[PDB]
Amino acid sequence: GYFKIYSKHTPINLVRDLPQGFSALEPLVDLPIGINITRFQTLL
Amino acid sequence: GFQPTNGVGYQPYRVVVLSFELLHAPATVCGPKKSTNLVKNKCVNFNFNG
Ligand SMILES: *[C@@H]1O[C@H](CO)[C@@H](O)[C@H](O)[C@H]1NC(C)=O
């Protein structure tokens with residue numbers, strides 16, 4: 001019933017790839033929506 | 001049939017009714033919790049956020 005989000009930001013200067021490295025993500029927020037999620041879409 | 005000349009009983013009353021429900025969703029409202037002052041350098045029982 002809680003929906004949780006995590007995130008991180010970093011600079012990169014590399015093309016068509018995910019750069020090799022290591023990182024960990026801090027918690028950001030959660031929401032008590034309690035709505036089962038089956039699909040999602042991204043907007044640009 | 002209200003009129004300004006009225007007695008004890010024949011008066012207009014406002015009524016507000018509250019109601020609540022239970023669900024499997026998380027809770028959203030609750031009453032607040034009291035809290036003691038803090039003593040230091042002593043042997044005591046403690047309760048911090050449960
Ligand atoms: C979660 O899925 C169940 C399927 O049994 C459905 O009844 C319920 O409505 C769904 N939750 C929400 C918030 O729609």
# chains A, B, ... in the order shown; residues from 1 in each chain; ligands from 1
>>> interface_residues(of="chain A", to="chain B", cutoff="8 Å", atoms="only C-alpha atoms", output="number ranges by chain")
A: 1, 32, 34
>>> residues_near_ligand(ligand="ligand 1", cutoff="9 Å", atoms="only C-alpha atoms and all ligand atoms", output="number ranges by chain")
A: 33-37
>>> atom_distance(atom1="CA of residue 43 in chain A", atom2="CA of residue 27 in chain A")
23.2 Å
